$ cat protein.csv   # CSV, N, CA and C atoms and all ligand atoms
chain,number,residue,atom,x,y,z
A,1002,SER,N,-11.5,4.5,13.9
A,1002,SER,CA,-10.0,4.5,14.1
A,1002,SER,C,-9.3,4.2,12.8
A,1003,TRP,N,-9.4,3.0,12.3
A,1003,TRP,CA,-8.8,2.6,11.1
A,1003,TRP,C,-9.1,3.6,10.0
A,1004,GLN,N,-10.4,4.1,10.0
A,1004,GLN,CA,-10.9,5.0,9.1
A,1004,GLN,C,-10.5,6.4,9.4
A,1005,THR,N,-9.4,6.6,10.1
A,1005,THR,CA,-8.9,8.0,10.4
A,1005,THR,C,-7.5,7.7,10.1
A,1006,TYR,N,-7.0,6.6,10.6
A,1006,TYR,CA,-5.6,6.1,10.4
A,1006,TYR,C,-5.4,6.0,8.9
A,1007,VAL,N,-6.5,6.2,8.2
A,1007,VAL,CA,-6.5,6.2,6.7
A,1007,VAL,C,-6.9,7.4,6.1
A,1008,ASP,N,-8.0,8.0,6.5
A,1008,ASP,CA,-8.6,9.2,5.9
A,1008,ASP,C,-8.0,10.5,6.5
A,1009,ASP,N,-7.1,10.3,7.5
A,1009,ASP,CA,-6.5,11.5,8.1
A,1009,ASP,C,-5.0,11.4,7.9
A,1010,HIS,N,-4.5,10.3,7.5
A,1010,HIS,CA,-3.1,10.1,7.4
A,1010,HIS,C,-2.8,9.7,6.0
A,1011,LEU,N,-3.4,8.5,5.6
A,1011,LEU,CA,-3.2,8.0,4.3
A,1011,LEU,C,-3.7,8.8,3.2
A,1012,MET,N,-4.5,9.8,3.5
A,1012,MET,CA,-5.1,10.6,2.4
A,1012,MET,C,-5.1,12.1,2.7
A,1013,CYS,N,-3.9,12.7,2.9
A,1013,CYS,CA,-3.8,14.1,3.2
A,1013,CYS,C,-3.4,14.9,2.0
A,1014,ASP,N,-3.3,16.2,2.2
A,1014,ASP,CA,-2.9,17.1,1.1
A,1014,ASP,C,-1.5,17.5,0.9
A,1015,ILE,N,-0.6,16.5,0.9
A,1015,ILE,CA,0.8,16.8,0.7
A,1015,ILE,C,1.0,17.8,-0.5
A,1016,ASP,N,1.8,18.8,-0.2
A,1016,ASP,CA,2.1,19.8,-1.2
A,1016,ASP,C,0.7,20.4,-1.6
A,1017,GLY,N,0.0,19.7,-2.4
A,1017,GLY,CA,-1.3,20.2,-2.8
A,1017,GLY,C,-2.2,19.2,-3.5
A,1018,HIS,N,-2.0,18.0,-3.3
A,1018,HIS,CA,-2.8,16.9,-3.9
A,1018,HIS,C,-2.9,15.6,-3.1
A,1019,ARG,N,-4.1,15.2,-2.7
A,1019,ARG,CA,-4.3,13.9,-2.0
A,1019,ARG,C,-3.8,12.7,-2.7
A,1020,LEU,N,-4.0,11.6,-2.1
A,1020,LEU,CA,-3.5,10.3,-2.8
A,1020,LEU,C,-4.7,9.9,-3.7
A,1021,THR,N,-5.0,8.7,-3.8
A,1021,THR,CA,-6.1,8.2,-4.7
A,1021,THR,C,-7.0,7.2,-4.0
A,1022,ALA,N,-6.4,6.2,-3.4
A,1022,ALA,CA,-7.1,5.1,-2.7
A,1022,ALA,C,-6.2,4.4,-1.8
A,1023,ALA,N,-6.3,4.7,-0.5
A,1023,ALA,CA,-5.5,4.1,0.6
A,1023,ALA,C,-6.4,2.9,1.1
A,1024,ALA,N,-5.7,2.0,1.8
A,1024,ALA,CA,-6.4,0.9,2.4
A,1024,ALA,C,-5.4,0.1,3.2
A,1025,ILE,N,-5.8,-0.3,4.4
A,1025,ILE,CA,-5.0,-1.0,5.3
A,1025,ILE,C,-5.6,-2.4,5.3
A,1026,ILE,N,-4.7,-3.5,5.1
A,1026,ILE,CA,-5.3,-4.8,5.1
A,1026,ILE,C,-4.5,-5.8,6.0
A,1027,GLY,N,-5.1,-6.9,6.3
A,1027,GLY,CA,-4.4,-7.8,7.1
A,1027,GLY,C,-3.5,-8.7,6.3
A,1028,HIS,N,-2.6,-9.4,6.9
A,1028,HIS,CA,-1.7,-10.3,6.2
A,1028,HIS,C,-2.6,-11.5,5.7
A,1029,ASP,N,-3.9,-11.3,5.7
A,1029,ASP,CA,-4.8,-12.3,5.2
A,1029,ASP,C,-5.9,-11.8,4.3
A,1030,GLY,N,-5.9,-10.5,4.0
A,1030,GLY,CA,-6.9,-9.9,3.1
A,1030,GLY,C,-8.0,-9.1,3.9
A,1031,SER,N,-8.2,-9.5,5.1
A,1031,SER,CA,-9.2,-8.9,6.0
A,1031,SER,C,-9.0,-7.4,5.8
A,1032,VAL,N,-10.0,-6.7,5.3
A,1032,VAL,CA,-9.9,-5.2,5.0
A,1032,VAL,C,-10.1,-4.3,6.2
A,1033,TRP,N,-9.2,-4.2,7.1
A,1033,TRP,CA,-9.3,-3.3,8.2
A,1033,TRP,C,-10.0,-2.0,7.9
A,1034,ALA,N,-9.5,-1.3,6.8
A,1034,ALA,CA,-10.1,-0.1,6.4
A,1034,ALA,C,-9.5,0.3,5.1
A,1035,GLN,N,-10.2,1.2,4.4
A,1035,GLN,CA,-9.8,1.6,3.1
A,1035,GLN,C,-10.6,2.8,2.5
A,1036,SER,N,-10.0,3.5,1.6
A,1036,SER,CA,-10.7,4.6,1.0
A,1036,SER,C,-12.0,4.2,0.3
A,1037,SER,N,-12.8,5.2,0.1
A,1037,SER,CA,-14.1,4.9,-0.5
A,1037,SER,C,-13.9,4.4,-1.9
A,1038,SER,N,-12.8,4.9,-2.5
A,1038,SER,CA,-12.5,4.5,-3.9
A,1038,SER,C,-11.5,3.5,-4.0
A,1039,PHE,N,-11.3,2.7,-3.0
A,1039,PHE,CA,-10.3,1.6,-3.1
A,1039,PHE,C,-10.9,0.4,-3.8
A,1040,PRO,N,-10.2,-0.3,-4.7
A,1040,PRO,CA,-10.5,-1.4,-5.5
A,1040,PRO,C,-10.5,-2.8,-4.9
A,1041,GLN,N,-11.6,-3.6,-5.3
A,1041,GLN,CA,-11.7,-4.9,-4.8
A,1041,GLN,C,-10.6,-5.7,-5.2
A,1042,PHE,N,-9.6,-5.9,-4.4
A,1042,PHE,CA,-8.4,-6.6,-4.6
A,1042,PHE,C,-8.9,-8.1,-4.8
A,1043,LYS,N,-8.0,-9.0,-4.4
A,1043,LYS,CA,-8.3,-10.4,-4.5
A,1043,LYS,C,-7.5,-11.1,-3.4
A,1044,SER,N,-8.2,-12.0,-2.7
A,1044,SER,CA,-7.5,-12.8,-1.6
A,1044,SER,C,-6.1,-13.2,-2.1
A,1045,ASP,N,-6.0,-13.6,-3.4
A,1045,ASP,CA,-4.8,-14.1,-4.0
A,1045,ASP,C,-3.8,-12.9,-4.3
A,1046,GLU,N,-4.3,-11.9,-5.0
A,1046,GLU,CA,-3.4,-10.8,-5.4
A,1046,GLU,C,-2.6,-10.5,-4.1
A,1047,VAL,N,-3.3,-10.7,-3.0
A,1047,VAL,CA,-2.7,-10.5,-1.7
A,1047,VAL,C,-1.7,-11.6,-1.3
A,1048,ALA,N,-2.1,-12.8,-1.6
A,1048,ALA,CA,-1.3,-14.0,-1.2
A,1048,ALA,C,0.1,-13.8,-1.9
A,1049,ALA,N,0.1,-13.3,-3.2
A,1049,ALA,CA,1.3,-13.1,-4.0
A,1049,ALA,C,2.1,-12.1,-3.2
A,1050,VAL,N,1.5,-11.0,-2.9
A,1050,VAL,CA,2.2,-9.9,-2.1
A,1050,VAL,C,3.0,-10.6,-1.0
A,1051,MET,N,2.3,-11.4,-0.2
A,1051,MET,CA,2.9,-12.1,0.9
A,1051,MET,C,4.0,-13.0,0.5
A,1052,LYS,N,3.9,-13.6,-0.7
A,1052,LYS,CA,4.8,-14.5,-1.3
A,1052,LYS,C,6.1,-13.9,-1.5
A,1053,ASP,N,6.1,-12.7,-2.2
A,1053,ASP,CA,7.3,-11.9,-2.5
A,1053,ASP,C,8.0,-11.5,-1.2
A,1054,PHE,N,7.2,-11.1,-0.2
A,1054,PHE,CA,7.7,-10.6,1.1
A,1054,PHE,C,8.6,-11.6,1.7
A,1055,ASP,N,8.3,-12.9,1.6
A,1055,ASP,CA,9.1,-13.9,2.2
A,1055,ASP,C,10.3,-14.2,1.3
A,1056,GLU,N,10.0,-14.1,0.0
A,1056,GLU,CA,11.1,-14.3,-1.0
A,1056,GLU,C,10.9,-13.3,-2.1
A,1057,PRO,N,11.6,-12.1,-2.0
A,1057,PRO,CA,11.6,-11.0,-2.9
A,1057,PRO,C,11.7,-11.5,-4.4
A,1058,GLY,N,11.2,-10.7,-5.3
A,1058,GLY,CA,11.2,-11.0,-6.7
A,1058,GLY,C,10.0,-11.7,-7.2
A,1059,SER,N,9.8,-13.0,-6.9
A,1059,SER,CA,8.7,-13.9,-7.3
A,1059,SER,C,7.4,-13.1,-7.8
A,1060,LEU,N,7.1,-12.0,-7.1
A,1060,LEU,CA,5.9,-11.2,-7.6
A,1060,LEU,C,6.3,-10.5,-8.9
A,1061,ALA,N,7.4,-9.7,-8.8
A,1061,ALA,CA,7.9,-8.9,-9.9
A,1061,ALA,C,7.8,-9.5,-11.3
A,1062,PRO,N,8.2,-10.8,-11.4
A,1062,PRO,CA,8.1,-11.4,-12.8
A,1062,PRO,C,6.8,-11.2,-13.4
A,1063,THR,N,5.8,-11.8,-12.8
A,1063,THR,CA,4.4,-11.7,-13.3
A,1063,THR,C,3.7,-10.3,-13.0
A,1064,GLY,N,4.4,-9.6,-12.2
A,1064,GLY,CA,3.9,-8.3,-11.8
A,1064,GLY,C,2.8,-8.4,-10.7
A,1065,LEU,N,2.3,-7.2,-10.3
A,1065,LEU,CA,1.3,-7.2,-9.3
A,1065,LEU,C,0.0,-6.7,-9.8
A,1066,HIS,N,-1.0,-7.5,-9.9
A,1066,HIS,CA,-2.3,-7.2,-10.4
A,1066,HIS,C,-3.1,-7.2,-9.1
A,1067,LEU,N,-3.9,-6.1,-8.9
A,1067,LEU,CA,-4.7,-6.0,-7.7
A,1067,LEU,C,-5.6,-4.8,-7.9
A,1068,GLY,N,-6.7,-4.8,-7.2
A,1068,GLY,CA,-7.6,-3.7,-7.4
A,1068,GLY,C,-8.0,-3.7,-8.8
A,1069,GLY,N,-7.6,-4.8,-9.5
A,1069,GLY,CA,-7.9,-5.0,-10.9
A,1069,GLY,C,-6.7,-4.8,-11.8
A,1070,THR,N,-6.1,-3.6,-11.8
A,1070,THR,CA,-5.0,-3.3,-12.6
A,1070,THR,C,-3.7,-4.0,-12.2
A,1071,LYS,N,-2.8,-4.2,-13.2
A,1071,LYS,CA,-1.5,-4.8,-13.0
A,1071,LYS,C,-0.5,-3.7,-12.8
A,1072,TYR,N,0.6,-4.0,-12.1
A,1072,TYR,CA,1.7,-3.0,-11.9
A,1072,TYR,C,3.0,-3.6,-12.2
A,1073,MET,N,4.0,-2.7,-12.4
A,1073,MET,CA,5.3,-3.1,-12.7
A,1073,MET,C,6.1,-2.8,-11.4
A,1074,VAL,N,6.5,-3.9,-10.7
A,1074,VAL,CA,7.2,-3.8,-9.5
A,1074,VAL,C,8.4,-2.8,-9.8
A,1075,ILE,N,9.1,-2.4,-8.7
A,1075,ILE,CA,10.2,-1.4,-8.9
A,1075,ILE,C,11.3,-1.7,-8.0
A,1076,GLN,N,11.2,-1.1,-6.8
A,1076,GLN,CA,12.2,-1.3,-5.7
A,1076,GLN,C,11.6,-1.1,-4.3
A,1077,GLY,N,12.0,-1.9,-3.4
A,1077,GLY,CA,11.5,-1.9,-2.0
A,1077,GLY,C,12.3,-2.8,-1.1
A,1078,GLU,N,12.3,-2.5,0.2
A,1078,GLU,CA,13.0,-3.3,1.2
A,1078,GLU,C,12.6,-4.7,1.2
A,1079,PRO,N,13.4,-5.6,0.6
A,1079,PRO,CA,13.2,-7.0,0.5
A,1079,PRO,C,12.7,-7.6,1.8
A,1080,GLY,N,11.4,-7.9,1.9
A,1080,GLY,CA,10.7,-8.4,3.1
A,1080,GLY,C,9.9,-7.3,3.8
A,1081,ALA,N,10.1,-6.1,3.4
A,1081,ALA,CA,9.4,-5.0,4.1
A,1081,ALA,C,8.6,-4.1,3.1
A,1082,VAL,N,9.1,-3.7,2.0
A,1082,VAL,CA,8.3,-2.9,1.1
A,1082,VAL,C,8.3,-3.4,-0.3
A,1083,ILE,N,7.3,-2.9,-1.1
A,1083,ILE,CA,7.1,-3.3,-2.4
A,1083,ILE,C,6.5,-2.1,-3.1
A,1084,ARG,N,7.1,-1.6,-4.2
A,1084,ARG,CA,6.6,-0.5,-5.0
A,1084,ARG,C,6.2,-1.1,-6.4
A,1085,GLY,N,5.1,-0.5,-6.9
A,1085,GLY,CA,4.6,-0.9,-8.2
A,1085,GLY,C,4.2,0.4,-8.9
A,1086,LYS,N,4.2,0.3,-10.2
A,1086,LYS,CA,3.9,1.5,-11.0
A,1086,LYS,C,3.3,1.2,-12.3
A,1087,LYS,N,2.4,2.1,-12.8
A,1087,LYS,CA,1.7,1.9,-14.1
A,1087,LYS,C,1.6,3.3,-14.6
A,1088,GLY,N,2.5,3.6,-15.5
A,1088,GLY,CA,2.5,4.9,-16.1
A,1088,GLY,C,2.6,6.0,-15.1
A,1089,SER,N,1.9,7.1,-15.3
A,1089,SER,CA,1.9,8.2,-14.4
A,1089,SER,C,1.9,7.6,-12.9
A,1090,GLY,N,0.7,7.2,-12.5
A,1090,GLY,CA,0.5,6.6,-11.2
A,1090,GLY,C,1.2,5.3,-10.9
A,1091,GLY,N,0.9,4.7,-9.7
A,1091,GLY,CA,1.5,3.5,-9.3
A,1091,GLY,C,1.0,3.1,-7.9
A,1092,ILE,N,1.6,2.1,-7.3
A,1092,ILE,CA,1.3,1.6,-6.0
A,1092,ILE,C,2.5,1.3,-5.0
A,1093,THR,N,2.2,1.2,-3.7
A,1093,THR,CA,3.2,0.9,-2.7
A,1093,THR,C,2.5,0.0,-1.6
A,1094,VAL,N,3.3,-1.0,-1.2
A,1094,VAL,CA,2.8,-1.8,-0.2
A,1094,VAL,C,3.7,-2.0,1.0
A,1095,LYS,N,3.4,-1.2,2.0
A,1095,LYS,CA,4.1,-1.2,3.3
A,1095,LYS,C,3.5,-2.3,4.1
A,1096,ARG,N,4.4,-3.3,4.5
A,1096,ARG,CA,4.0,-4.5,5.2
A,1096,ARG,C,4.3,-4.3,6.7
A,1097,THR,N,3.3,-4.2,7.5
A,1097,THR,CA,3.5,-4.1,8.9
A,1097,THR,C,3.6,-5.5,9.5
A,1098,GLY,N,3.7,-5.6,10.8
A,1098,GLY,CA,3.8,-6.9,11.4
A,1098,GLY,C,2.6,-7.8,11.4
A,1099,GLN,N,1.5,-7.1,11.1
A,1099,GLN,CA,0.2,-7.8,11.1
A,1099,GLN,C,-0.7,-7.3,9.9
A,1100,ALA,N,-0.4,-6.1,9.4
A,1100,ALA,CA,-1.2,-5.6,8.3
A,1100,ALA,C,-0.3,-5.2,7.2
A,1101,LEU,N,-0.9,-4.5,6.2
A,1101,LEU,CA,-0.2,-4.0,5.1
A,1101,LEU,C,-0.9,-2.7,4.7
A,1102,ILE,N,-0.1,-1.6,4.6
A,1102,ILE,CA,-0.7,-0.4,4.3
A,1102,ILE,C,-0.6,-0.4,2.8
A,1103,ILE,N,-1.4,0.4,2.1
A,1103,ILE,CA,-1.3,0.4,0.6
A,1103,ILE,C,-1.8,1.8,0.1
A,1104,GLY,N,-1.1,2.3,-0.9
A,1104,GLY,CA,-1.5,3.5,-1.6
A,1104,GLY,C,-1.4,3.4,-3.1
A,1105,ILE,N,-2.4,4.1,-3.7
A,1105,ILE,CA,-2.6,4.1,-5.1
A,1105,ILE,C,-2.6,5.6,-5.5
A,1106,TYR,N,-1.9,5.9,-6.6
A,1106,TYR,CA,-1.8,7.3,-7.0
A,1106,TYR,C,-1.7,7.4,-8.6
A,1107,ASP,N,-2.0,8.7,-9.0
A,1107,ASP,CA,-2.0,9.0,-10.4
A,1107,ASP,C,-1.6,10.4,-10.5
A,1108,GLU,N,-1.0,10.9,-11.6
A,1108,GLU,CA,-0.5,12.2,-11.7
A,1108,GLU,C,-1.6,13.2,-11.2
A,1109,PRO,N,-1.1,14.3,-10.6
A,1109,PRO,CA,0.3,14.8,-10.4
A,1109,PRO,C,1.0,14.5,-9.1
A,1110,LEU,N,0.7,13.3,-8.5
A,1110,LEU,CA,1.3,12.9,-7.3
A,1110,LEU,C,2.5,11.9,-7.4
A,1111,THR,N,3.6,12.5,-7.4
A,1111,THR,CA,4.9,11.7,-7.5
A,1111,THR,C,4.9,10.4,-6.7
A,1112,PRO,N,5.7,9.4,-7.2
A,1112,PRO,CA,5.7,8.2,-6.4
A,1112,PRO,C,6.3,8.5,-5.1
A,1113,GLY,N,7.3,9.4,-5.1
A,1113,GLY,CA,8.0,9.8,-3.9
A,1113,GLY,C,6.9,10.1,-2.9
A,1114,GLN,N,6.1,11.1,-3.2
A,1114,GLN,CA,5.0,11.5,-2.3
A,1114,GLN,C,4.2,10.3,-1.8
A,1115,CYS,N,3.8,9.4,-2.6
A,1115,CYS,CA,3.1,8.3,-2.1
A,1115,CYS,C,3.9,7.6,-1.0
A,1116,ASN,N,5.1,7.1,-1.4
A,1116,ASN,CA,6.0,6.5,-0.4
A,1116,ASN,C,5.9,7.2,0.9
A,1117,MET,N,6.4,8.4,1.0
A,1117,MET,CA,6.4,9.2,2.2
A,1117,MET,C,5.2,8.8,3.0
A,1118,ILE,N,4.0,8.8,2.4
A,1118,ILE,CA,2.8,8.4,3.1
A,1118,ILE,C,2.5,7.0,3.5
A,1119,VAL,N,2.5,6.1,2.6
A,1119,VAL,CA,2.3,4.7,3.0
A,1119,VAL,C,3.3,4.3,4.0
A,1120,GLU,N,4.6,4.5,3.7
A,1120,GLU,CA,5.7,4.2,4.5
A,1120,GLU,C,5.7,4.9,5.8
A,1121,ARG,N,5.0,6.0,5.9
A,1121,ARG,CA,4.9,6.8,7.1
A,1121,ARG,C,4.3,6.0,8.2
A,1122,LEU,N,3.0,5.8,8.0
A,1122,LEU,CA,2.2,5.0,9.0
A,1122,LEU,C,2.9,3.7,9.3
A,1123,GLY,N,3.2,2.9,8.3
A,1123,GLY,CA,3.9,1.6,8.5
A,1123,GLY,C,4.9,1.7,9.6
A,1124,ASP,N,5.8,2.7,9.7
A,1124,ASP,CA,6.8,2.8,10.8
A,1124,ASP,C,6.0,2.7,12.1
A,1125,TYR,N,5.1,3.6,12.3
A,1125,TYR,CA,4.2,3.8,13.4
A,1125,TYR,C,3.7,2.4,14.0
A,1126,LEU,N,2.6,1.9,13.3
A,1126,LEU,CA,2.0,0.7,13.7
A,1126,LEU,C,3.0,-0.4,14.0
A,1127,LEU,N,4.1,-0.5,13.2
A,1127,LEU,CA,5.1,-1.5,13.5
A,1127,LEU,C,5.5,-1.3,15.0
A,1128,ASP,N,6.0,-0.1,15.3
A,1128,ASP,CA,6.4,0.2,16.7
A,1128,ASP,C,5.2,0.8,17.3
A,1129,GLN,N,4.3,-0.1,17.8
A,1129,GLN,CA,3.1,0.3,18.5
A,1129,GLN,C,2.5,-1.1,18.8
A,1130,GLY,N,3.0,-2.1,18.1
A,1130,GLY,CA,2.5,-3.4,18.4
A,1130,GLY,C,2.0,-4.2,17.2
A,1131,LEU,N,2.0,-3.6,16.0
A,1131,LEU,CA,1.5,-4.4,14.8
A,1131,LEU,C,2.6,-4.5,13.7
A,1201,NA,NA,8.7,7.7,7.0
$ encode --input "protein.csv" --output "structure tokens"
Amino acid sequence: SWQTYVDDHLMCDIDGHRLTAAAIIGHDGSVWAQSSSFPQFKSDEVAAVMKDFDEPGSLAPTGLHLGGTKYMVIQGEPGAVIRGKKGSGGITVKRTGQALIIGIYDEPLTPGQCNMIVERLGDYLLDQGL
């Protein structure tokens, strides 16, 4: 299930190019499911994420390092979304009521495109019980 909710949604052929590494995680790090090529985040990298969600910004200063790489926060619904970017590619963290969707991308996949996707599911699960 999670591995379809990810490999059939979180990693589709928009326009003509898949994403890079999707992953759905709990508000605690518990890795519900994730792409084969998703990066070993860190229970903390995650805790920070949660930190900013309650109080926007706080992450942004130091940036978001996770899956190893650091990202430059950008713009997102304070308490609901968070976007990060590193050159061509970047990341997005859709926060559900119990989980957090996540997408990683690199050229030629526009940040826009990523959004569309991570944010897509997020809507769903939210209004479905999570
Ligand atoms: Na949407």
$ select_by_dssp --input "protein.csv" --residues "chain A" --states "alpha helix (DSSP H)" --output "PyMOL selection string"
chain A and resi 1044-1055+1060-1063+1112-1127
$ atom_distance --input "protein.csv" --atom1 "atom C of residue 1064 of chain A" --atom2 "atom C of residue 1097 of chain A"
20.4 Å
$ residues_near_ligand --input "protein.csv" --ligand "ligand NA 1201 (chain A)" --cutoff "9 Å" --atoms "only C-alpha atoms and all ligand atoms" --output "PyMOL selection string"
chain A and resi 1116-1125
$ write_last_selection --input "protein.csv" --atoms "N, CA and C atoms" --output "PDB file, keeping the file's coordinate frame"
ATOM      1  N   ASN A1116       5.100   7.100  -1.400  1.00  0.00           N
ATOM      2  CA  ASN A1116       6.000   6.500  -0.400  1.00  0.00           C
ATOM      3  C   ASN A1116       5.900   7.200   0.900  1.00  0.00           C
ATOM      4  N   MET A1117       6.400   8.400   1.000  1.00  0.00           N
ATOM      5  CA  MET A1117       6.400   9.200   2.200  1.00  0.00           C
ATOM      6  C   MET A1117       5.200   8.800   3.000  1.00  0.00           C
ATOM      7  N   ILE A1118       4.000   8.800   2.400  1.00  0.00           N
ATOM      8  CA  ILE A1118       2.800   8.400   3.100  1.00  0.00           C
ATOM      9  C   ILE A1118       2.500   7.000   3.500  1.00  0.00           C
ATOM     10  N   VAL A1119       2.500   6.100   2.600  1.00  0.00           N
ATOM     11  CA  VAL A1119       2.300   4.700   3.000  1.00  0.00           C
ATOM     12  C   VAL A1119       3.300   4.300   4.000  1.00  0.00           C
ATOM     13  N   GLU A1120       4.600   4.500   3.700  1.00  0.00           N
ATOM     14  CA  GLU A1120       5.700   4.200   4.500  1.00  0.00           C
ATOM     15  C   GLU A1120       5.700   4.900   5.800  1.00  0.00           C
ATOM     16  N   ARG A1121       5.000   6.000   5.900  1.00  0.00           N
ATOM     17  CA  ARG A1121       4.900   6.800   7.100  1.00  0.00           C
ATOM     18  C   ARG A1121       4.300   6.000   8.200  1.00  0.00           C
ATOM     19  N   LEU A1122       3.000   5.800   8.000  1.00  0.00           N
ATOM     20  CA  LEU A1122       2.200   5.000   9.000  1.00  0.00           C
ATOM     21  C   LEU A1122       2.900   3.700   9.300  1.00  0.00           C
ATOM     22  N   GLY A1123       3.200   2.900   8.300  1.00  0.00           N
ATOM     23  CA  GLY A1123       3.900   1.600   8.500  1.00  0.00           C
ATOM     24  C   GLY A1123       4.900   1.700   9.600  1.00  0.00           C
ATOM     25  N   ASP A1124       5.800   2.700   9.700  1.00  0.00           N
ATOM     26  CA  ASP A1124       6.800   2.800  10.800  1.00  0.00           C
ATOM     27  C   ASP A1124       6.000   2.700  12.100  1.00  0.00           C
ATOM     28  N   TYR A1125       5.100   3.600  12.300  1.00  0.00           N
ATOM     29  CA  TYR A1125       4.200   3.800  13.400  1.00  0.00           C
ATOM     30  C   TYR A1125       3.700   2.400  14.000  1.00  0.00           C
TER      31      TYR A1125
END
$ closest_residue --input "protein.csv" --among "A:1022, A:1003, A:1104, A:1049" --to "residue 1034 of chain A" --atoms "all atoms listed in the file"
A:1003
$ closest_residue --input "protein.csv" --among "A:1115, A:1105, A:1131, A:1048" --to "residue 1072 of chain A" --atoms "only C-alpha atoms"
A:1105
$ residues_around --input "protein.csv" --residues "residue 1098 of chain A" --least-positions-apart "4" --cutoff "7 Å" --atoms "all atoms listed in the file" --output "number ranges by chain"
A: 1126-1127, 1130-1131
$ write_last_selection --input "protein.csv" --atoms "N, CA and C atoms" --output "PDB file, in the frame of the given file"
ATOM      1  N   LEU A1126       2.600   1.900  13.300  1.00  0.00           N
ATOM      2  CA  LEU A1126       2.000   0.700  13.700  1.00  0.00           C
ATOM      3  C   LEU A1126       3.000  -0.400  14.000  1.00  0.00           C
ATOM      4  N   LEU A1127       4.100  -0.500  13.200  1.00  0.00           N
ATOM      5  CA  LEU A1127       5.100  -1.500  13.500  1.00  0.00           C
ATOM      6  C   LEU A1127       5.500  -1.300  15.000  1.00  0.00           C
ATOM      7  N   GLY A1130       3.000  -2.100  18.100  1.00  0.00           N
ATOM      8  CA  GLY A1130       2.500  -3.400  18.400  1.00  0.00           C
ATOM      9  C   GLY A1130       2.000  -4.200  17.200  1.00  0.00           C
ATOM     10  N   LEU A1131       2.000  -3.600  16.000  1.00  0.00           N
ATOM     11  CA  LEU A1131       1.500  -4.400  14.800  1.00  0.00           C
ATOM     12  C   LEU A1131       2.600  -4.500  13.700  1.00  0.00           C
TER      13      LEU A1131
END
$ closest_residue --input "protein.csv" --among "A:1030, A:1080, A:1085, A:1091" --to "residue 1065 of chain A" --atoms "all atoms listed in the file"
A:1085
$ residues_around --input "protein.csv" --residues "residue 1009 of chain A" --least-positions-apart "2" --cutoff "12 Å" --atoms "only C-alpha atoms" --output "PyMOL selection string"
chain A and resi 1002-1007+1011-1015+1019-1020+1023+1035-1036+1118+1122
$ select_by_dssp --input "protein.csv" --residues "chain A" --states "strand (DSSP E)" --output "ChimeraX atom specification"
/A:1024-1027,1034-1035,1065-1066,1071-1074,1084-1086,1091-1096,1100-1106
$ residues_around --input "protein.csv" --residues "residue 1102 of chain A" --least-positions-apart "3" --cutoff "6.5 Å" --atoms "all atoms listed in the file" --output "number ranges by chain"
A: 1024-1026, 1093-1097, 1119, 1123
$ closest_residue --input "protein.csv" --among "A:1075, A:1047, A:1090, A:1040" --to "residue 1110 of chain A" --atoms "only N, CA and C atoms"
A:1090
$ closest_residue --input "protein.csv" --among "A:1079, A:1087, A:1128, A:1114" --to "residue 1057 of chain A" --atoms "only N, CA and C atoms"
A:1079
